[PDB]
Structures are given as structure tokens and as C-alpha cells.
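Two separate entries follow, structure 1 and structure 2, each one form of the same protein chain as C-alpha cells.
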Structure 1
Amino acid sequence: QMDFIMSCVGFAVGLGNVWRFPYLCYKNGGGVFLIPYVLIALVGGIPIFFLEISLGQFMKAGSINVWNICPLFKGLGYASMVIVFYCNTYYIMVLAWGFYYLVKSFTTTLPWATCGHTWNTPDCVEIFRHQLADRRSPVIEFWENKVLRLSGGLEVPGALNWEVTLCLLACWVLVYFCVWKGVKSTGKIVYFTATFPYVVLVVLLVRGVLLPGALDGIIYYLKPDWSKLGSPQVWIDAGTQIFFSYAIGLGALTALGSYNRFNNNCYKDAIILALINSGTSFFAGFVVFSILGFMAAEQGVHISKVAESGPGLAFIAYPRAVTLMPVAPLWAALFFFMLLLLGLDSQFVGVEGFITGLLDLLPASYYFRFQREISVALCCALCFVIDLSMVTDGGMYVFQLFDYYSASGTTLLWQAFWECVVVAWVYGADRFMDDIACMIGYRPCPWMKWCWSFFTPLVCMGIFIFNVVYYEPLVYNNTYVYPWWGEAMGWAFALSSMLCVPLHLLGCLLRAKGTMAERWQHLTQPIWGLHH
């Protein structure tokens, strides 16, 4: 089938693989991040991936309705919207920044190739020699003083950055327009958009290999520092990175499953999609970390102190690589066009899911002449208004609050744990596996059943508990200690997402009559579709 290609340009391959995984690996240390990544991909990632797709095919519906199997826990679906909504709030910003770089690519030279553009600190040198710890590369200067214009901290937002604001306006109007038409990338264009990224990456990787000091970068990427394994930071980062790269809990995998036919091979679908996501993430890791090793061997700073540890690494490693290509501006335009394509396809599927969920929720009395178009326009405008607080000088910090705490962190752990609990335990993991076998013919290995029943909830609960017990305040670029109210806002996002389940459960219990026993029994009775 081509369902893999359909997801490859959808809720799967994108910035979460090319932009996020590299900087998460860098922030947690190179080698030590892979082991929890692999373990949770085997135990948490692939199993919930297959769970979402299988449940989507089974229920023949997406977003909220799929939880008709356990209507009492239908609030989980609600949470998905909030989570994906938060993605739509900040994901686009990466695109915006990427778009800005693309706008700056179409020049006879490159703005970040050198620093003589009157937006750089005096401590910037284009070439490095044998003062010490007092020099910054032009690429990081451009990233932190033209795209971001980074302020002192979250306490002082500063002056709104107009250039990135027009770039974000262009991204949002483009999303509005080409989501209004609903292109869905057609059927033959997808082919190109599924093979254009890798080509570029491959080229970059080749260049990345042929550099002095790239071997050090690759070794640091692969060989792990076992001391960091005890830290819960790497475990929470790996679990959330997998649950984000797969769009687990965002209510897009479920719709993608619903699009498939009933007599489908969803088990191999999930396995192949997961392998593609992990392979693209590993390839992007190679591309980023070879460049990081090159900059470590060039500047002289340690490999862990080369570039930004926050979300800026993808904008400090990838552009740098481009500057080493023969015809730099053409390759900058090509790579950032690739990045724009990935981010755009992901944003299209996410916004489509959110809008369809909202439209299904709203009653008939709320119908408008252009209800779909007006709803999409209002969502885009509201998200742009929220992002107005993230393009400001002290805007990058807000982005981190929207990245670490919102649609990631303990939010995705909570969502995945409750998904596994409601399906494997409340609904019956054995019965669900029997239903999947009826759908698909054969029987998957019992490893999936063990992952659903015990392994995945246990791993998620353990990561959450060991992070909370040894809680460390979120620090951006290992320099800025977030104040109490910054963590308060981050936890406000997190609890806004994670309250959807318990509040909805409580409201359903109040609405039901009699004692809690028969109320739970009646509200957990599945509501099957017509075809079942």
C-alpha cells in the first residue's frame, strides 16, 4: 500500500525528526540519548503507534469519536485537540523562522556566512585561529541577534520583531489558503514530497562526512556517557521525543487509521512507519552531529558547548552545513524549501484534524454560511495572535515553554499512559488483539499485548514519577534559570491538557445516576459503529 507515503508527508516525517530530535539529542548528550530512545521506541513508541492506527481503522472515525469503545474515557480525545492545538501554536513558528531563512537565502551571498551586517556583536569572527572563549561564529550571531534578537530573559519581552512577524503571517495565510482548498498533496505529488527530503539530507550527510572533526561528532553522537543514564532528564526527553515524532496522542494517527480500509495490514503499516520515522531521525542526527563535530574541531570549544542546546540547534547546524556547499545560496534555498515542505505538511494535517474535531463538536445551531472556512480563518488568526507573544525579543523563551511543557513533557506521558490503560485494561487487551486479528487475519506477536498491558504504562509511570521526584527546573540553553512564574505558565499548559481526562470522567460520573459501580459499567459500554 502507499499509506506509509501518506503518513510520511503527514503526522510523521517532518520538523520533529529533522529539527527536534537533533537538539534533544544535543541537550541530553549525544550517545546516552539513543538507548532510552531505542528502548521506548520498542516498548512505548511502536506499540502506541500501532494502537492508534489500529483503533482508527476499527472505529472508522477520527479524533473524539474513536473513543466510543470507552465513552467514559472519551475525554482523552478532547485532550488530543488541546495538545494538537498547542502544536499548531508553536510548530508554525519553526516554519516561520525557516521561512525567514528561506527569504534570506535568495541573495548573492548568505547572511549567516559572515558577520559584517551591523546586527552582530563585536565578538564575532568568520574564521578561527589557534580572544579565548570570547568569540562567536557568524551563524549563531545571526540566529540570536537577527532572527531572534534575544532579550535578557522571559521577564523582559521587548520590542516585537516585524520581519519574523511578516514571515509568520505568510506561513499562516498560506496554511489558511491551502487548507481551505484541502489539497491533501494529491496522489503523485506526494511521491516527490516523500523523496525530496532524503535526497537533500543525503547530500548534506555526504558533505558532513567529508569534514575535519566530523568523526569526533559522530563518535560523540553514538558512544554513550553512561553516567547520564541515571538522570531522569534523558528518559523524559526520549519518551516525549518518541511520542512527539510519531504524533502520539495528537489525534492525527487515529484519523489516518480511519482513512484506511478495513481489510488492511495495519501491523506492518505501523512497523514500517515507525522504522521510517526512526531512520529519518537517525539520519538527521548524523547530518547535524557531523556538523557539530566540525564546529567543535574548528572553534576549539567542547562538542557539548558548540551550539545552542535549545531549539536553535537545527538553525545553527543545518545552515552551517549549507555554507560549506559549493553553490551556497542554491543549497540554502533547497534545504529550507525542504524544511518548509515538511513543516507545512505536518501543520496541514494537524490543523485539519483540529478543525474537523471542532466542527464535529459544535452543534447544528452554530452553522455558518462558510462554517469550515470561517472556523479555519478564526483558528489561524487566534494562533497568530498567540504567536505575537513568541516573535518578540524575549519570544524564544516562550517557545521553550510551549515546547518542553506543552505538547511534550509529562503531557504526552499522561496521554499515552491513559490510552494504554483504557485500551489494554478497561477495554481488554486480549479482546482488542482478537479484534485486530479479525481485522488483519493473522495474530501479532504477544509482545504487543505485553507492551499494552504492563510494559508501556509501567514505563510511562516510572518516567513521570522519577522526573517529579527528582524535579529540576527547566533551563534554556543551560544558562537561563526559568523563574517560578515561567514554570507556573508551563505547568498551566500541562495541566490544561492533562485535566481533560479527569474532569471529563468526573462530569460523566456526576451525569450518571445510581452508585458509581453501575454508572461506570453503563458508561464504559462501547458504542459500536454500524458496520461492526
Structure 2
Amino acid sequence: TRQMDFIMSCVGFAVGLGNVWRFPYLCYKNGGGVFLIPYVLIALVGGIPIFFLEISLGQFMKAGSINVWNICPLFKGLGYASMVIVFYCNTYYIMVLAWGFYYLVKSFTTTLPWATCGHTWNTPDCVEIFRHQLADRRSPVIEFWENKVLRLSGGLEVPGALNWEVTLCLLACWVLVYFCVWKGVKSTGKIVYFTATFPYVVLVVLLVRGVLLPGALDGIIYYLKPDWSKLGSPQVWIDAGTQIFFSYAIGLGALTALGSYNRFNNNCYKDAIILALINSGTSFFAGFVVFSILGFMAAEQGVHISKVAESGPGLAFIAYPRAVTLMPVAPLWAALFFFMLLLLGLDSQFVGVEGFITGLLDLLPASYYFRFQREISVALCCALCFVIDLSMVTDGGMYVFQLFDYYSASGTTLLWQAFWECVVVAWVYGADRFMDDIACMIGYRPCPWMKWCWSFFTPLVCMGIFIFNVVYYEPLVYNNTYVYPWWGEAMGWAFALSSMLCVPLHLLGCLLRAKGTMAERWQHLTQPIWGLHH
């Protein structure tokens, strides 16, 4: 009967800010068309196989967080790594909401703030209507993004003064997150439909408008037709692989929990394929929506598409709000779009904080148990994350955000986590045995492509990307202007290492704390710990 409900659950987990904001920004940063080829290749070879692996593993083990790795306890540190990654997400992901929140609070006006060059934050280069020195001029959307919301400083060396307008919005977002996490709201219980169809509808509307703009065809062509000389650069491969591993929540421990929630005999293969296709399609649709507006902007200003908008994380706050200035009733559509953005970000933040706090409290001993341990733990986590984000709501804040975006919960971190997960499942545990278990779970034997991806294809893809980036290293640059100094990249590597060291350190600690020679230690510490069902 109501099979559609299940579908909504899928989209209720699939669409997020990694599709509407990160995918377009990454695509524009690496060039439109050339980014899709590694995207498709990694989605087929690394994305979907790891998606199915994680979902099936969670379903088979019937447990999420760190316990899922009881198939190979020696590598349980993998779970710890995930618990770190999600934490870092909760640190900087909320930042997007704050900026979005700001826009929403500025949306309810008679005329939109980012449509006039007669404000105080604007520069003398602000020109409302473009005509035929001609490069220094900046559109009012860019002025609002880089003069009021961000107040961008010279570089990461100059943090500057705290931005109170965005600080209060960030505090409001964190208080709302705490209130809903403490209440344990049944978000997307039955009204899932709206929370699962409000984005697409709005996006569909945007797409229609995005198509009816002169010069949008050039933007779409730039989005689709690739430049083949950019395939040799390993940066596009990092961006595509990590974007897939980010939008799919691969390595963050989300797919494992989702699998653990399902029934034992549920068709996890179909669920994984459907979820991956939904997520990729949403990313592609957001790509159309952004790039049509980008082509319109490039035609209007007369500059190239690659230089019209910011290659920094502000595309969702430059490409999307600009589109709103074209709709018949701009403030209404601004409020609607940023309300949808806020709802998506809040759902993702709620589930992330729920999972992180639940796992952290699980690992804590019974002696540490406070009276209101849930309330106090959520409050402490939110306060600590707000204190950390105080570094992102300063003038030199976006730079820090970039450091949290490229290096933390992305980049080589996700490659490391995915590679180790594939090695543990396929090699140490046994890919053949896991395939047999999935066959006995869901009935039919999956395609052998899954086994070949777990065993040799995906681990070698991750290792090859990692090696081609370590050998050919390019310092992180923000929006083609700010080349990061040595200490900024050192801090980024500090985040990456704080995430990636969980696996080797856990393995060494487990081996050292065991007894006997290394052979029997390895044999005993990798023995799976089966649950009651198995």
C-alpha cells in the first residue's frame, strides 16, 4: 500500500547540505564538467560498494557506533575514528546553518539586503545593474557575503574582531539544537513528507527560473562538458572521492546505525543502491540549479564563468540568494528557501548530535553516570562546540572554516577511513564470508562487482588517490587568493591526524595489552564476537 513512506525515509536520510552547498562549491572549484567524471567513477567503484558494505554490516551486526566492529575487535578503533569525524562535523557543519539563519533573519524585509548598493557594508565598486576597472566591480550579492555576513579579513593570520550579528545567530542555532536534542523530538516521524519534499519542490521552482535566464545555457554547458586537461590533477580526485564519502556519510558511522535499525532480512542491497542514486541525483539537481544561475551571472557581468562567483564555500550563499532576486516576490522566496536550508541543516545536526552523544555516553563507565547525564552531556557538548565555533564567527572566520572543511571530516581522512574499512571487511574478516553472510541475510547473492570492489578496486583507488596527492602536494588555497601558510596546513594535518590516528593507535594498544607472541595475539584479537542472533 503505502510503499511511498519507505521512499520518503530514504530521502529523509539522503538529501542534506552536502548536496545543496558542498557539491556545487566543489564542482565550481575544480571546474564543472571535469569534476563529474571522477564523481561518477568513484560513486560506482568506491561510493556504492562502501555504502552497501556499511549498511549490510550494520544490519548483520544489529549494532551501531563502535560495537559494529566486533566482527574484528582489533580494528574497533575505526569506530572511534568515526566518532571523531562526526564530532568535527558538528563543530563546523552548524556554521553553515548560522550563515543561513542570518540570511533568513535578513530575508523578512520590504527589499532584500543583497539587491541594493546603497547600504553601509558595500564598497565603492558596488554596481546594482551591470553594463558594457571593469573587473574590480562586484555584484551586491558578493558585497553582502564578504562584507556583512563574513566581514572577511586579509587572511588566516588576521582573525580580527568577533562578528556579533553572526554570533547571535550561531548561539540561537546551538540553543535550538540543544532544546530539540534534549527534548528528543520525533523529527520526521509522520510529517516526513514535507521535510522530504520541501527541498525538491523549492529546488524545482529554482531550476525553472534558472532555465528562463539568458546565458544559463552557457552555465549548464560549463557544468556538463568537461575539460580533459584537468583530469591529470589529483585535486579533482580528492574532491570527488571525498565528496562522495561525505554526502553518503561514509566513515561517519551513520550508515552503520541505519543498517542496525533495519530488520535482519531486509534487502540492504536495494536500499543501498536506492539511497546512493537518490543522493547523487539530488547533488546533480542542485548542480543544475546553481550553475544555471552562475551562467546567468557570467553573462550579466561579462566575465568568465570560472571567475564570476566565489570558489569558497559561499556559493550556496552567492548562487542561491542571487536567484531569489529574480523571483516574482523576492522576500517570500528568500524566506522559503532559507527556511528549507535551515530545516535540512537542523535535521542533519540533530541526528549527528544524537549519535555522537549516545555513543560517547555508551563508552563512558557507569561510575561517570551523572544524574541528568543526557541533559548535562548535551549541554556540555553544545557549549564546547560553540566555544570552538567562536573561531569561525570572527572576521578571519571563513579561512578557519575552510581548514575545518578540507582537512577535517574530508580529504585524506575519509580516504583513510574507507580504505581501512574495506581492508578490514574484505581481507582480515574475509570478503567471501561477508558475501555469504549477506546472501544468507537478504536471500539473493549480490553481484560479484561488490566483492571485487571491496577486495581490490576500492582500496587501491583510495590508496592511489592518497599517494598521488602526497607525492604531488599543492597547498590549500581559498578562492584562488589566499595561499595558506605552513601553520594553517599544519593545523589541518593536526585535525586529519587526530581523526586518522585512532585505528593504528587502537591496534597497537590492543596488541600491547594482550599476551603471548604476536601471532596468537593477532589470531585472538581478530576473532569476531557474535551477537545473540548469530
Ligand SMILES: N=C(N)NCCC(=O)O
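For clarity, a rigid core is taken as the largest C-alpha set superposing within 1.5 Å between two forms. Along the sequence of structure 1, residues get numbers from 1 upward. Residues that one form lacks are left out of the comparison.
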Item checked: Label of the structure corresponding to the form deposited without the named molecule -> 2
Check: Fitting the rigid core first, would the Cα of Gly10 be found 2 Å or more away between structure 1 and structure 2?
Finding: yes
Notebook entry, point to check: For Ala113, what C-alpha shift in Å results between structure 1 and structure 2 following superposition on the rigid core?
Noted result: 1.2
Next item on the list: Look at the Cα of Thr280 between structure 1 and structure 2 with the rigid core superposed and state its shift in Å.
Entry: 0.3
Next item on the list: Superpose on the core, then tell me which runs of at least 3 consecutive residues have all their CA atoms shifted by 2 Å or more between structure 1 and structure 2.
Entry: 1-12
